[PDB]
Amino acid sequence: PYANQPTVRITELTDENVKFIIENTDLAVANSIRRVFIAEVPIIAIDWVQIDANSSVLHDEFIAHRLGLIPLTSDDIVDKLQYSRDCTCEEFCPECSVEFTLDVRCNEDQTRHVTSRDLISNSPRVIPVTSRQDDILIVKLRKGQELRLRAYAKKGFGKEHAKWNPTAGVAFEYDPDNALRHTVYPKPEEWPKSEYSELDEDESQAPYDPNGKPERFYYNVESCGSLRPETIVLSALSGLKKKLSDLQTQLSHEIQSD
Amino acid sequence: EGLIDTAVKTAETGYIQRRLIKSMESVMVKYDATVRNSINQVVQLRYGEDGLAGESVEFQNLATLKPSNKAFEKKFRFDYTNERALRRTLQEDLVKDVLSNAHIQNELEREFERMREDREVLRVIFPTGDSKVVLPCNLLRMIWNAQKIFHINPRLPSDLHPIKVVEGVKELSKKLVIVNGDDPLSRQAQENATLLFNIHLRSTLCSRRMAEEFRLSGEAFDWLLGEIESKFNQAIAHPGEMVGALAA
Amino acid sequence: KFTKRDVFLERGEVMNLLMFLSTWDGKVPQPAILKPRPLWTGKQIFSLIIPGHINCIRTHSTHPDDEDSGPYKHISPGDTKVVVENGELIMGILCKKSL
Amino acid sequence: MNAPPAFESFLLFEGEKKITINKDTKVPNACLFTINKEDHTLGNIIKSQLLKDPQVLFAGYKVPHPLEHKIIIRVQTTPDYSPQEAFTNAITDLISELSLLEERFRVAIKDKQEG
Amino acid sequence: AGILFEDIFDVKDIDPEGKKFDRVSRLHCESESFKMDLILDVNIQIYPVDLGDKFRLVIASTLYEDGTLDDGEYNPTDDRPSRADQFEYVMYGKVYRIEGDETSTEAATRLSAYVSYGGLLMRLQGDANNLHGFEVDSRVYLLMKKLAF
Amino acid sequence: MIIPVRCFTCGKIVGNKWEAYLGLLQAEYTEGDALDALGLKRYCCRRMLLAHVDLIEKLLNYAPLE
Amino acid sequence: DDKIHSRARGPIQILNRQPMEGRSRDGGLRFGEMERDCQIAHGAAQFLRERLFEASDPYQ
Amino acid sequence: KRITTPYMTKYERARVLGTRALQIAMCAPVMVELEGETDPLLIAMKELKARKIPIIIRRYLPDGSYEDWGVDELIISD
Ligand SMILES: [Zn+2]
Ligand SMILES: [Zn+2]
């Protein structure tokens, strides 16, 4: 009547994605961890743009929309900043936000390519993905136009908006061989073998297994560039643990009050 | 072609419906249990020639319709000579009563004669042998529900004398009234209106079928009569219902 | 597809489906297959959805006509001839003819 | 024009409780836990963890309406084991398992880098 | 006791009219002593069975030895003795029709119990002597165990 | 009108690849090879470089001044 | 958003004192004759008279 | 010598419930103990179930005559 002892094994560690495997765990925990990977992951992003002079051809809101989708590295800044909603001051304080500025005006004859590199941030570590591969093209300006504005970044998670979605695409998969029969193939021979399939090329699918629980969940968390993959996993685990702790505290208070 | 057909239908059916609705917009069922119009002109002495709402009516079948003369005799007569069959169906304390007593035999003979008369009436009224008919109360469903509730277990000898069934049916034939009044014309109209339903009730509830296929007990039969009367009462057409608009 | 003969559910799925029942009496029905593992059946779960003690008989869309006359009338190989007693599905597959 | 904002999915409103206990009357030892501003993330793991415990006769959640941010969890244990302590134990052991999983993942990562 | 029926059987034909479903098949079995037919429907997926295999089918009204007539509800937390401990395939259903070759004068000689285990049917056709314990609208079990022989 | 910043389905950044895609297509490479040369595995992110229409050029043709 | 519309004693016409017509003019929906026939079929005379007099154009 | 049906039609039941609800909403005395509710329509329904509505229905006949039926006199359908 207690929990289990899951095991972890990393198969590929790179600076763009990680492929780890979790064994001896329930399917619900795995799916919840996935949904947390996608939705509930603190990360910094643009959420407040003040446009002062925009003579481009696109809409006034188009600039803000594109700026909202530009990732920002937050390897060691997201854990320090606090949510703007829970701040105890006025105006976007640097202790709970990061300021940006963009002032580009096409003067020469050739057309400008306003990229993310023009976003001059006040903080050193909070910069768009341009450290170490072109830069995110914002808009194109021509001789006579300009784009002056300044925006602030705040902490948020994907559940609020897609801008705070660090993971590009999580490849969640378990039981490569259709052993638990969770999916019935009308013609198994017509389907290809999964990447993690241990079954030989002769047999189409593994035989049935009545007394068998789902284990060996495969993951392929792919970072967009802002947060590192392993960092994303650690943040997700910490956030889920915090949510459970808060729920436990609320339940204890409710029981004591009754 | 299909699109053009749909367009013309969408334009013609509206006018058809409008004309149908503007011709029977004042017809209704007054509290005198009769259908009239704004000029108080009687169009039907009883709504739908019976005076029943169209919501509480289900398709049924007439067992005593389109039989064979030999089969009809061996399904609604309740032979009182084969004592072995009676012991199999009725209990020991009823076989002697149905044998010795001749009043029960005369009553059963009269019931079979009335059943034959009803069969002749159905044949002369429903030509081409159409068993599928619409009536308020689905007696088969009610009998099945009684069996499933009271746990009839149709294998053991049931305790239900045929006279009980006969008297119960006669009383239910009296309780279900449509044309109130003791006037001879009133009674004639009541018999005419509630004619098919009574024929169906008699055909389903008999002395033989009740003791061979249903095997209901006294309490079960009483509950069946109560349910039938309550459902028929609820099935009556509510006065003040705009039947003209419903028909349109 | 939920009322076919070849439908089996585990305790987790059954208890998850019962949550979406506004008239559940609060008692888990006896599984149709106790051993080697508690497995419920689609018809058994659907019985709890039927209120009261209803009794009716209906026929399935793919019901072969040459079945009532011959044997296997009350036991249909194709899982047809819907039969409901005491508001519990017993035989047949539900379709538009019955729902 | 009437689209709700994005903070109403996780943030509590003034006066709304995060969790409310309500005892059921149809069967003994059965309570429905109603959670506010949550989704399947925080109910499916608890459902499974409760399923692990043998003393829990029934366990399962639901979503009264997808647009509404609320989930009801119904738990029913043996008469000698109240559902409150069952929920508490499920949360506690789940937290312990997640912490252990995090530690194992961290050590595996630190060993993977040049090792 | 509550043993409504007890007899050994053997498989002789599976899905004669072609396997319709994918997890259920017809088992046209026969007895060895009472000479009674059997059209049991077992879950071939979890409990595979081939031709020629024998099993000890025992229709029991309850799973307890003392016979306390359980109400009927899933209560795994129970330490009481259970007859299922020596059977590899148990089911729970409710007989709904007892057909027989009855007549207007002489009692029936061969009955036919039709029981539905929530969708899985079974016809225990045979003489009318050993089927005295079957009554319409009553809960029953199966309790079958394959014989190694 | 302009290349999006991220893929609608997946979410991977694709805004910083339009110029590289055009350059690779211009040099010698074809589309089927350039897409996997840039690092686009999933087929959902490959539509952003194949389906996208570059209408910002026509808009820039209407220069306000000079 | 371009189709959603509501009304609560909005502006009235000048010829026949009845609600306006059109979402832009902030008008009410038309209670067509077919709706009247349906309401008569339901026998809800009170609701019909309310819709046709009380919330349409009261006058003494 | 009343010949109208002894059952309450749905139309009459609905109208009586509505009228009693309107009267209750206009600060009128109730005819049943309130278990802690406030909606006048619910109170009217409870009174109808308790057969204590002080209203009598006058069913007009086609000829011109009428019959006065009391709510506590005839049988209620629902
Ligand atoms: Zn601040
Ligand atoms: Zn994509």
# chains A, B, ... in the order shown; residues from 1 in each chain; ligands from 1
>>> interface_residues(of="chain A", to="chain E", cutoff="9 Å", atoms="only C-alpha atoms", output="number ranges by chain")
A: 208-210
>>> write_last_selection(atoms="N, CA, C and O atoms", output="CSV table (one decimal), in the first residue's frame")
chain,number,residue,atom,x,y,z
A,208,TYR,N,0.3,-12.3,-26.6
A,208,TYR,CA,-0.4,-11.6,-25.6
A,208,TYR,C,0.2,-11.9,-24.2
A,208,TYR,O,0.9,-12.9,-24.0
A,209,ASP,N,-0.1,-11.0,-23.3
A,209,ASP,CA,0.4,-11.2,-21.9
A,209,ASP,C,-0.7,-10.7,-20.9
A,209,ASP,O,-0.9,-9.5,-20.7
A,210,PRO,N,-1.4,-11.7,-20.3
A,210,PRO,CA,-2.5,-11.3,-19.4
A,210,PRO,C,-2.0,-10.6,-18.2
A,210,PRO,O,-2.5,-9.5,-18.0
>>> residues_near_ligand(ligand="ligand 2", cutoff="7 Å", atoms="only C-alpha atoms and all ligand atoms", output="list in words")
residues 7, 8, 9, 10, 11, 12, 42, 43, 44, 45 and 46 of chain F
>>> write_last_selection(atoms="C-alpha atoms", output="short mmCIF file (atom, residue, chain, number, x, y, z; two decimals), in the first residue's frame")
data_model
loop_
_atom_site.label_atom_id
_atom_site.label_comp_id
_atom_site.auth_asym_id
_atom_site.auth_seq_id
_atom_site.Cartn_x
_atom_site.Cartn_y
_atom_site.Cartn_z
CA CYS F 7 5.45 25.47 -35.86
CA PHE F 8 1.73 25.46 -35.09
CA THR F 9 1.58 21.75 -34.34
CA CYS F 10 4.95 20.94 -32.77
CA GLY F 11 6.26 24.29 -31.53
CA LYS F 12 9.87 24.17 -32.77
CA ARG F 42 8.78 15.61 -38.05
CA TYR F 43 6.55 16.15 -41.08
CA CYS F 44 4.45 18.73 -39.22
CA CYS F 45 7.30 21.26 -39.14
CA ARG F 46 8.15 20.70 -42.81
#
>>> select_by_dssp(residues="chain F", states="helix (DSSP H, G or I)", output="ChimeraX atom specification")
/F:15-27,31-38,47-50,56-61
>>> write_last_selection(atoms="N, CA, C and O atoms", output="short mmCIF file (atom, residue, chain, number, x, y, z; two decimals), in the first residue's frame")
data_model
loop_
_atom_site.label_atom_id
_atom_site.label_comp_id
_atom_site.auth_asym_id
_atom_site.auth_seq_id
_atom_site.Cartn_x
_atom_site.Cartn_y
_atom_site.Cartn_z
N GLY F 15 11.20 30.17 -37.53
CA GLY F 15 11.42 31.51 -38.05
C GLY F 15 12.86 31.76 -38.45
O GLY F 15 13.12 32.46 -39.43
N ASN F 16 13.81 31.20 -37.70
CA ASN F 16 15.22 31.42 -37.96
C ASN F 16 15.79 30.46 -38.99
O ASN F 16 17.00 30.22 -38.99
N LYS F 17 14.95 29.91 -39.86
CA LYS F 17 15.41 28.96 -40.87
C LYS F 17 14.99 29.29 -42.29
O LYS F 17 15.46 28.62 -43.21
N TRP F 18 14.13 30.29 -42.50
CA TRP F 18 13.68 30.60 -43.85
C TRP F 18 14.84 31.03 -44.74
O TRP F 18 14.97 30.57 -45.88
N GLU F 19 15.69 31.93 -44.24
CA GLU F 19 16.82 32.39 -45.03
C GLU F 19 17.79 31.25 -45.33
O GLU F 19 18.28 31.11 -46.46
N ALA F 20 18.07 30.42 -44.32
CA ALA F 20 18.93 29.26 -44.54
C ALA F 20 18.32 28.31 -45.55
O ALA F 20 19.03 27.74 -46.39
N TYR F 21 17.00 28.12 -45.49
CA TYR F 21 16.33 27.24 -46.44
C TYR F 21 16.47 27.76 -47.86
O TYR F 21 16.77 27.00 -48.79
N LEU F 22 16.25 29.07 -48.04
CA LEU F 22 16.41 29.65 -49.37
C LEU F 22 17.84 29.52 -49.87
O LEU F 22 18.07 29.19 -51.03
N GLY F 23 18.81 29.76 -48.99
CA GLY F 23 20.21 29.63 -49.40
C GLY F 23 20.57 28.22 -49.81
O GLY F 23 21.23 28.01 -50.83
N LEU F 24 20.13 27.23 -49.02
CA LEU F 24 20.42 25.84 -49.36
C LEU F 24 19.74 25.44 -50.66
O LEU F 24 20.34 24.74 -51.49
N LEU F 25 18.50 25.88 -50.87
CA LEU F 25 17.83 25.58 -52.13
C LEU F 25 18.52 26.25 -53.30
O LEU F 25 18.54 25.71 -54.41
N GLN F 26 19.09 27.43 -53.08
CA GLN F 26 19.77 28.14 -54.17
C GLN F 26 21.09 27.48 -54.53
O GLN F 26 21.43 27.38 -55.71
N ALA F 27 21.86 27.03 -53.53
CA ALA F 27 23.21 26.56 -53.82
C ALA F 27 23.21 25.35 -54.74
O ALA F 27 23.55 25.46 -55.92
N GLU F 31 14.62 20.33 -52.08
CA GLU F 31 13.77 20.55 -50.92
C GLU F 31 13.82 19.35 -49.98
O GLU F 31 14.04 19.49 -48.77
N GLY F 32 13.62 18.15 -50.53
CA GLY F 32 13.62 16.94 -49.73
C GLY F 32 14.91 16.72 -48.96
O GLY F 32 14.91 16.06 -47.92
N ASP F 33 16.02 17.25 -49.48
CA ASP F 33 17.30 17.14 -48.80
C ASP F 33 17.55 18.32 -47.87
O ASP F 33 18.08 18.15 -46.77
N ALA F 34 17.17 19.53 -48.29
CA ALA F 34 17.38 20.70 -47.46
C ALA F 34 16.60 20.61 -46.15
O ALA F 34 17.08 21.03 -45.10
N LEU F 35 15.37 20.07 -46.21
CA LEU F 35 14.55 20.02 -45.00
C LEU F 35 15.23 19.21 -43.90
O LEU F 35 15.29 19.65 -42.74
N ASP F 36 15.77 18.04 -44.23
CA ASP F 36 16.47 17.26 -43.21
C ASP F 36 17.89 17.76 -42.99
O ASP F 36 18.51 17.38 -41.99
N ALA F 37 18.43 18.58 -43.90
CA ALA F 37 19.72 19.19 -43.63
C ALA F 37 19.60 20.30 -42.59
O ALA F 37 20.55 20.53 -41.83
N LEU F 38 18.46 20.98 -42.55
CA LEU F 38 18.26 22.03 -41.56
C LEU F 38 17.98 21.46 -40.18
O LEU F 38 18.31 22.09 -39.17
N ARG F 47 5.94 21.66 -43.26
CA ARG F 47 5.01 22.46 -44.06
C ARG F 47 5.35 23.94 -43.98
O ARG F 47 5.10 24.69 -44.93
N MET F 48 5.93 24.38 -42.85
CA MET F 48 6.26 25.79 -42.68
C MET F 48 7.23 26.29 -43.74
O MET F 48 7.22 27.48 -44.06
N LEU F 49 8.10 25.43 -44.26
CA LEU F 49 9.03 25.85 -45.30
C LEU F 49 8.53 25.54 -46.70
O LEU F 49 9.05 26.11 -47.66
N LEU F 50 7.55 24.65 -46.83
CA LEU F 50 6.99 24.29 -48.13
C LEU F 50 5.68 25.00 -48.42
O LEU F 50 5.47 25.46 -49.55
N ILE F 56 5.47 39.20 -47.97
CA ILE F 56 6.01 40.44 -47.42
C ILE F 56 6.77 41.22 -48.49
O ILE F 56 6.89 42.44 -48.41
N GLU F 57 7.30 40.52 -49.51
CA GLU F 57 8.02 41.21 -50.57
C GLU F 57 7.11 42.15 -51.34
O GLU F 57 7.44 43.33 -51.55
N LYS F 58 5.94 41.66 -51.76
CA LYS F 58 4.99 42.51 -52.46
C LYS F 58 4.57 43.69 -51.61
O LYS F 58 4.40 44.81 -52.12
N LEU F 59 4.40 43.47 -50.30
CA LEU F 59 4.08 44.58 -49.41
C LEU F 59 5.20 45.60 -49.38
O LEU F 59 4.95 46.81 -49.41
N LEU F 60 6.45 45.14 -49.31
CA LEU F 60 7.59 46.05 -49.31
C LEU F 60 7.73 46.80 -50.62
O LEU F 60 8.36 47.86 -50.65
N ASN F 61 7.17 46.27 -51.71
CA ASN F 61 7.24 46.98 -52.98
C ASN F 61 6.55 48.34 -52.91
O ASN F 61 6.92 49.26 -53.63
#
>>> residues_around(residues="residue 123 (chain E)", least_positions_apart="3", cutoff="8 Å", atoms="only C-alpha atoms", output="ChimeraX atom specification")
/C:75 /E:37-40,112-115
>>> residues_near_ligand(ligand="ligand 1", cutoff="7 Å", atoms="only C-alpha atoms and all ligand atoms", output="number ranges by chain")
A: 84, 87-96
>>> closest_atom_pairs(of="chain H", to="chain B", cutoff="7 Å", atoms="only C-alpha atoms", output="CSV")
residue,atom,partner,partner_atom,distance
H:3,CA,B:180,CA,6.9
H:4,CA,B:31,CA,6.2
H:9,CA,B:238,CA,5.6
H:59,CA,B:31,CA,6.8
H:61,CA,B:31,CA,5.9
H:62,CA,B:40,CA,6.7
>>> interface_residues(of="chain B", to="chain G", cutoff="8 Å", atoms="only C-alpha atoms", output="VMD selection string")
chain B and resid 21 25 240 to 246
>>> write_last_selection(atoms="N, CA, C and O atoms", output="PDB file, in the first residue's frame")
ATOM      1  N   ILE B  21     -52.454  24.494 -41.760  1.00  0.00           N
ATOM      2  CA  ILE B  21     -52.576  24.997 -40.396  1.00  0.00           C
ATOM      3  C   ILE B  21     -53.678  26.045 -40.291  1.00  0.00           C
ATOM      4  O   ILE B  21     -54.358  26.136 -39.263  1.00  0.00           O
ATOM      5  N   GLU B  25     -57.145  25.664 -37.141  1.00  0.00           N
ATOM      6  CA  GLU B  25     -56.460  26.375 -36.071  1.00  0.00           C
ATOM      7  C   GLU B  25     -57.331  26.597 -34.843  1.00  0.00           C
ATOM      8  O   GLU B  25     -56.800  26.937 -33.781  1.00  0.00           O
ATOM      9  N   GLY B 240     -59.392  20.424 -23.915  1.00  0.00           N
ATOM     10  CA  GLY B 240     -58.703  21.682 -24.103  1.00  0.00           C
ATOM     11  C   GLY B 240     -57.396  21.574 -24.849  1.00  0.00           C
ATOM     12  O   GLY B 240     -56.584  22.504 -24.783  1.00  0.00           O
ATOM     13  N   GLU B 241     -57.160  20.470 -25.552  1.00  0.00           N
ATOM     14  CA  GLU B 241     -55.937  20.271 -26.315  1.00  0.00           C
ATOM     15  C   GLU B 241     -56.215  20.604 -27.773  1.00  0.00           C
ATOM     16  O   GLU B 241     -57.103  20.007 -28.391  1.00  0.00           O
ATOM     17  N   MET B 242     -55.453  21.547 -28.321  1.00  0.00           N
ATOM     18  CA  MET B 242     -55.638  21.958 -29.707  1.00  0.00           C
ATOM     19  C   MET B 242     -55.217  20.852 -30.661  1.00  0.00           C
ATOM     20  O   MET B 242     -54.071  20.815 -31.118  1.00  0.00           O
ATOM     21  N   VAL B 243     -56.143  19.940 -30.958  1.00  0.00           N
ATOM     22  CA  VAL B 243     -55.831  18.818 -31.829  1.00  0.00           C
ATOM     23  C   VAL B 243     -55.723  19.237 -33.288  1.00  0.00           C
ATOM     24  O   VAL B 243     -55.076  18.540 -34.077  1.00  0.00           O
ATOM     25  N   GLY B 244     -56.350  20.347 -33.678  1.00  0.00           N
ATOM     26  CA  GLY B 244     -56.243  20.791 -35.058  1.00  0.00           C
ATOM     27  C   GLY B 244     -54.820  21.148 -35.443  1.00  0.00           C
ATOM     28  O   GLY B 244     -54.325  20.742 -36.499  1.00  0.00           O
ATOM     29  N   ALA B 245     -54.141  21.913 -34.585  1.00  0.00           N
ATOM     30  CA  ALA B 245     -52.752  22.262 -34.852  1.00  0.00           C
ATOM     31  C   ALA B 245     -51.871  21.022 -34.860  1.00  0.00           C
ATOM     32  O   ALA B 245     -50.961  20.902 -35.689  1.00  0.00           O
ATOM     33  N   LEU B 246     -52.118  20.093 -33.932  1.00  0.00           N
ATOM     34  CA  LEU B 246     -51.343  18.858 -33.903  1.00  0.00           C
ATOM     35  C   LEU B 246     -51.517  18.075 -35.195  1.00  0.00           C
ATOM     36  O   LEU B 246     -50.542  17.556 -35.747  1.00  0.00           O
TER      37      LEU B 246
END
>>> interface_residues(of="chain C", to="chain A", cutoff="12 Å", atoms="only C-alpha atoms", output="VMD selection string")
chain C and resid 9 to 10 12 35 to 39
>>> write_last_selection(atoms="N, CA, C and O atoms", output="short mmCIF file (atom, residue, chain, number, x, y, z; two decimals), in the first residue's frame")
data_model
loop_
_atom_site.label_atom_id
_atom_site.label_comp_id
_atom_site.auth_asym_id
_atom_site.auth_seq_id
_atom_site.Cartn_x
_atom_site.Cartn_y
_atom_site.Cartn_z
N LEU C 9 -13.58 -5.21 -19.43
CA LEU C 9 -13.02 -4.03 -18.78
C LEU C 9 -12.43 -4.40 -17.44
O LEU C 9 -12.90 -5.32 -16.77
N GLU C 10 -11.38 -3.68 -17.05
CA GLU C 10 -10.72 -3.91 -15.77
C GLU C 10 -11.36 -3.07 -14.68
O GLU C 10 -12.23 -2.23 -14.94
N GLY C 12 -10.14 -0.63 -12.95
CA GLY C 12 -9.89 0.79 -13.11
C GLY C 12 -10.85 1.43 -14.09
O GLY C 12 -11.46 2.47 -13.80
N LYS C 35 -12.13 -14.92 -11.79
CA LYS C 35 -10.79 -15.40 -12.04
C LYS C 35 -10.59 -15.69 -13.53
O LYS C 35 -11.55 -15.98 -14.24
N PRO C 36 -9.35 -15.63 -14.03
CA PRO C 36 -8.08 -15.38 -13.32
C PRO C 36 -7.84 -13.91 -13.01
O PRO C 36 -6.82 -13.55 -12.44
N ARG C 37 -8.78 -13.03 -13.36
CA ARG C 37 -8.63 -11.60 -13.10
C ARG C 37 -10.00 -10.97 -13.19
O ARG C 37 -10.75 -11.29 -14.12
N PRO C 38 -10.37 -10.08 -12.27
CA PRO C 38 -11.71 -9.47 -12.33
C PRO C 38 -11.93 -8.68 -13.61
O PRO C 38 -11.33 -7.62 -13.80
N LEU C 39 -12.78 -9.19 -14.49
CA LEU C 39 -13.09 -8.53 -15.75
C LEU C 39 -14.60 -8.35 -15.87
O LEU C 39 -15.35 -9.31 -15.75
#
>>> select_by_dssp(residues="region 20-171 of chain B", states="strand (DSSP E or B)", output="PDB file with N, CA, C and O atoms, in the first residue's frame")
ATOM      1  N   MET B  28     -60.659  22.007 -31.323  1.00  0.00           N
ATOM      2  CA  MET B  28     -60.163  21.605 -30.013  1.00  0.00           C
ATOM      3  C   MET B  28     -61.147  20.631 -29.382  1.00  0.00           C
ATOM      4  O   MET B  28     -62.255  20.420 -29.882  1.00  0.00           O
ATOM      5  N   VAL B  29     -60.724  20.039 -28.270  1.00  0.00           N
ATOM      6  CA  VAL B  29     -61.543  19.102 -27.512  1.00  0.00           C
ATOM      7  C   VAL B  29     -62.112  19.857 -26.317  1.00  0.00           C
ATOM      8  O   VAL B  29     -61.382  20.190 -25.377  1.00  0.00           O
ATOM      9  N   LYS B  30     -63.413  20.125 -26.347  1.00  0.00           N
ATOM     10  CA  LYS B  30     -64.067  20.810 -25.244  1.00  0.00           C
ATOM     11  C   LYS B  30     -64.206  19.879 -24.041  1.00  0.00           C
ATOM     12  O   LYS B  30     -63.958  18.673 -24.118  1.00  0.00           O
ATOM     13  N   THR B  34     -65.682  16.140 -26.540  1.00  0.00           N
ATOM     14  CA  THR B  34     -66.065  16.141 -27.942  1.00  0.00           C
ATOM     15  C   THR B  34     -65.275  17.217 -28.667  1.00  0.00           C
ATOM     16  O   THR B  34     -64.919  18.246 -28.085  1.00  0.00           O
ATOM     17  N   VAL B  35     -64.995  16.963 -29.941  1.00  0.00           N
ATOM     18  CA  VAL B  35     -64.212  17.865 -30.774  1.00  0.00           C
ATOM     19  C   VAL B  35     -65.145  18.768 -31.563  1.00  0.00           C
ATOM     20  O   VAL B  35     -66.036  18.290 -32.276  1.00  0.00           O
ATOM     21  N   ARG B  36     -64.935  20.075 -31.437  1.00  0.00           N
ATOM     22  CA  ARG B  36     -65.737  21.075 -32.126  1.00  0.00           C
ATOM     23  C   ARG B  36     -64.790  22.119 -32.705  1.00  0.00           C
ATOM     24  O   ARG B  36     -63.566  21.951 -32.700  1.00  0.00           O
ATOM     25  N   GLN B  44     -66.448  15.739 -34.395  1.00  0.00           N
ATOM     26  CA  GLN B  44     -66.316  14.351 -33.967  1.00  0.00           C
ATOM     27  C   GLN B  44     -66.839  14.228 -32.547  1.00  0.00           C
ATOM     28  O   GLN B  44     -66.408  14.971 -31.662  1.00  0.00           O
ATOM     29  N   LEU B  52     -58.804   9.450 -27.237  1.00  0.00           N
ATOM     30  CA  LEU B  52     -57.542   9.104 -26.602  1.00  0.00           C
ATOM     31  C   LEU B  52     -56.425   9.960 -27.175  1.00  0.00           C
ATOM     32  O   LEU B  52     -56.435  10.296 -28.363  1.00  0.00           O
ATOM     33  N   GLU B  58     -49.518   2.494 -28.515  1.00  0.00           N
ATOM     34  CA  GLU B  58     -48.423   1.685 -29.029  1.00  0.00           C
ATOM     35  C   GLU B  58     -48.969   0.606 -29.949  1.00  0.00           C
ATOM     36  O   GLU B  58     -50.122   0.190 -29.823  1.00  0.00           O
ATOM     37  N   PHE B  59     -48.131   0.161 -30.879  1.00  0.00           N
ATOM     38  CA  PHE B  59     -48.532  -0.913 -31.774  1.00  0.00           C
ATOM     39  C   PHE B  59     -48.672  -2.211 -30.990  1.00  0.00           C
ATOM     40  O   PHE B  59     -47.890  -2.492 -30.078  1.00  0.00           O
ATOM     41  N   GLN B  60     -49.671  -3.010 -31.354  1.00  0.00           N
ATOM     42  CA  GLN B  60     -49.923  -4.290 -30.705  1.00  0.00           C
ATOM     43  C   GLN B  60     -50.390  -5.281 -31.763  1.00  0.00           C
ATOM     44  O   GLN B  60     -50.346  -5.004 -32.966  1.00  0.00           O
ATOM     45  N   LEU B  90     -53.529 -25.672 -12.775  1.00  0.00           N
ATOM     46  CA  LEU B  90     -54.124 -25.198 -11.535  1.00  0.00           C
ATOM     47  C   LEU B  90     -53.730 -26.114 -10.379  1.00  0.00           C
ATOM     48  O   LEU B  90     -53.173 -27.196 -10.569  1.00  0.00           O
ATOM     49  N   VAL B 133     -52.237  -3.545 -34.793  1.00  0.00           N
ATOM     50  CA  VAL B 133     -53.197  -2.507 -34.439  1.00  0.00           C
ATOM     51  C   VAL B 133     -52.601  -1.680 -33.304  1.00  0.00           C
ATOM     52  O   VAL B 133     -51.715  -2.132 -32.575  1.00  0.00           O
ATOM     53  N   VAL B 134     -53.098  -0.452 -33.161  1.00  0.00           N
ATOM     54  CA  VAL B 134     -52.611   0.492 -32.161  1.00  0.00           C
ATOM     55  C   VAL B 134     -53.652   0.607 -31.057  1.00  0.00           C
ATOM     56  O   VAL B 134     -54.825   0.886 -31.327  1.00  0.00           O
ATOM     57  N   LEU B 135     -53.218   0.408 -29.819  1.00  0.00           N
ATOM     58  CA  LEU B 135     -54.068   0.475 -28.641  1.00  0.00           C
ATOM     59  C   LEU B 135     -53.307   1.127 -27.496  1.00  0.00           C
ATOM     60  O   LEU B 135     -52.072   1.153 -27.499  1.00  0.00           O
ATOM     61  N   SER B 158     -50.131 -22.504 -10.599  1.00  0.00           N
ATOM     62  CA  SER B 158     -50.519 -21.209 -10.067  1.00  0.00           C
ATOM     63  C   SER B 158     -51.863 -21.298  -9.355  1.00  0.00           C
ATOM     64  O   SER B 158     -52.658 -22.216  -9.576  1.00  0.00           O
TER      65      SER B 158
END
>>> atom_distance(atom1="CA of residue 29 (chain D)", atom2="CA of residue 75 (chain D)")
8.4 Å
>>> interface_residues(of="chain C", to="chain D", cutoff="10 Å", atoms="only C-alpha atoms", output="list in words")
residues 11, 12, 13, 14, 15, 16, 17, 18, 19, 20, 24, 25, 26, 27 and 28 of chain C
>>> interface_residues(of="chain G", to="chain D", cutoff="12 Å", atoms="only C-alpha atoms", output="number ranges by chain")
G: 1-2, 4
>>> write_last_selection(atoms="N, CA, C and O atoms", output="PDB file, in the first residue's frame")
ATOM      1  N   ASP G   1     -18.922  36.517 -33.204  1.00  0.00           N
ATOM      2  CA  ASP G   1     -19.128  37.837 -32.621  1.00  0.00           C
ATOM      3  C   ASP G   1     -19.976  38.720 -33.524  1.00  0.00           C
ATOM      4  O   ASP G   1     -20.694  39.598 -33.033  1.00  0.00           O
ATOM      5  N   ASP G   2     -19.910  38.505 -34.837  1.00  0.00           N
ATOM      6  CA  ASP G   2     -20.709  39.284 -35.771  1.00  0.00           C
ATOM      7  C   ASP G   2     -22.155  38.814 -35.853  1.00  0.00           C
ATOM      8  O   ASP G   2     -22.983  39.517 -36.440  1.00  0.00           O
ATOM      9  N   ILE G   4     -23.778  37.082 -32.873  1.00  0.00           N
ATOM     10  CA  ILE G   4     -24.389  37.089 -31.550  1.00  0.00           C
ATOM     11  C   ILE G   4     -25.171  38.380 -31.353  1.00  0.00           C
ATOM     12  O   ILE G   4     -24.716  39.472 -31.722  1.00  0.00           O
TER      13      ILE G   4
END
>>> residues_around(residues="residue 67 (chain B)", least_positions_apart="6", cutoff="12 Å", atoms="only C-alpha atoms", output="list in words")
residues 73, 74, 75, 76, 116, 119, 120, 122, 123, 129, 130 and 131 of chain B
